[PDB]
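Before any questions on binding or motion, here is one chain by itself as C-alpha cells, the form deposited in one PDB entry.
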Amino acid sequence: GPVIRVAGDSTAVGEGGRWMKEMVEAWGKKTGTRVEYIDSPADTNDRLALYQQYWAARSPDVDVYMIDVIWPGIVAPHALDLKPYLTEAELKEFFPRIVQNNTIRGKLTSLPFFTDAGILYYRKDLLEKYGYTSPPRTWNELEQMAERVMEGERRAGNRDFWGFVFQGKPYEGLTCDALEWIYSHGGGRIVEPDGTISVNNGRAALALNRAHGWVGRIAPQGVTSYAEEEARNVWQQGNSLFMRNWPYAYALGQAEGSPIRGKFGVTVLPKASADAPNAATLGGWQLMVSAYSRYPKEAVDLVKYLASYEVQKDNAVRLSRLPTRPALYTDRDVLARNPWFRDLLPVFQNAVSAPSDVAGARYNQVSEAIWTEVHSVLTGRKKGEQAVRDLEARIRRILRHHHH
C-alpha cells in the first residue's frame, strides 16, 4: 500500500527527531500503513531551503512536513488546505492565535503541533551560593549576577564557566533572540504589525549594544557561532549560570545523567526596566500536508494523530514541549511533570511574534537582514546605532511594494 513519508523535526536538535519518528511509526503500526521519516538540518532556515527543493519540484516524495510558525505565508501554495478536514469543534481545541497564524487567505495550511517561547534558564544552586534569592528581572541584574558568579566559579577552578549563553550564530535563532532584546528594551517589534519599520530607534540600538557587551565577557567569545544546541551543551555540562533557550531544554537537563538535574529553574527573560514589556519570542511548529502528496487522506489522518491530545501530552511529559491545546495546561499529569507550565502560561500566551505575518512570503529575506545586522553588532564590526539604521534601509528595500 501507500508509503507516507514525513519530513519531521531534525535529529540534530534534542530528542524531537527520534521522538517524532517513533510517533509516526506508532501511527503506521496502528493503521497498518507503511511510513518513512526524512531527517533535516538542524537550523530552521537550512530546513526551509531543503524543503523548498521538494516544493519547487512539486515532489510527491514527502507527504507531511513539520513547518515553522514563521512559514505559513511562504509555504501556503505548497500546502493542502486542511479546513475541509476538520470540524469547527476540532479546530477550536487549539489556541486560536496559532490557528489564525496558520491560516493564510482562508487556507488552513497546517495544524498546530507544539508552540514555543524564549525563556530564561537559571542555575538556582549557584544563585543561592552567591546570595541571590530570585532570578534577575532586569538585564542589568543579569549582568551583575553573571559577573559575580563567574568571578567565583573561575576562582574556584572552573575555567569552562560562563555567566550567560544564548543563540548568537547568524541564522533564524538570532532573529528570535534579538527580537527579545529589542522588545524588552521598549524598542518595538522591528517591523510592526501595521507595516511600520520601527527598528531605527535608540532603544533598539541600546539593546544590540548591550548584547555586544556580553560577548567575551559574561558570554563566551564563541557565542557568535552558537545555535540552540551549542548553548544548551555549555549550560547542560554545568558551565553557565544563565541560558536563553526554548522549553525543550528543560526535560533534557532533568534527564538521568545530566550534570544539572535538579539544579535549575525557568522564568521570563529579563527586561530593561520595570515598565518595558516582557519579551518571549513566539516559536513553534505546525503539521502540513503537501499539496503534492498522492495520499492526502492518509496524510491528513497522520497529521490529526500527531496533533491529538495524547501525542501532544506525550510531547509535553517526555520532551517538555508546549502544547497547542489549552486543555493540556490543566491536565494533572502534564502539570505534575512540568509545574512551571502554570507559572509561565501567560508568558507563553503573551509571546511576541517575529514579523512573519506582516512580511508574508518575504519573511525569510527580512529575517536574514535582521540576523546579519545583529550579528555584525555582536562581532563588534558595527555599533547598534549604525546597525539599526542599516537594518531599516535593508528592510525598506525588501518590503518595498509589499502590502500585507
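Just count from 1 along the sequence shown to find any residue number.
Absent from the display: the form deposited in another entry. The rest refers to it.
At the hinge between the two rigid parts, which of 373, 283, 182, 270 do we find when the chain moves between the shown form and the other one? Selected hinge residue from the list: 283.
Cα-Cα trend for residue 235 and residue 16, given that in the other entry the distance shifts by 3 Å or more: Relative to the displayed form, residue 235 and residue 16 move farther apart in the other entry - a change of at least 3 Å between their C-alphas.
Comparing against this form, do residue 251 and residue 16 have their CA atoms pulled together or pushed apart in the other entry? The difference is 3 Å or more. Compared with the shown chain, residue 251-residue 16 is farther in the other entry.
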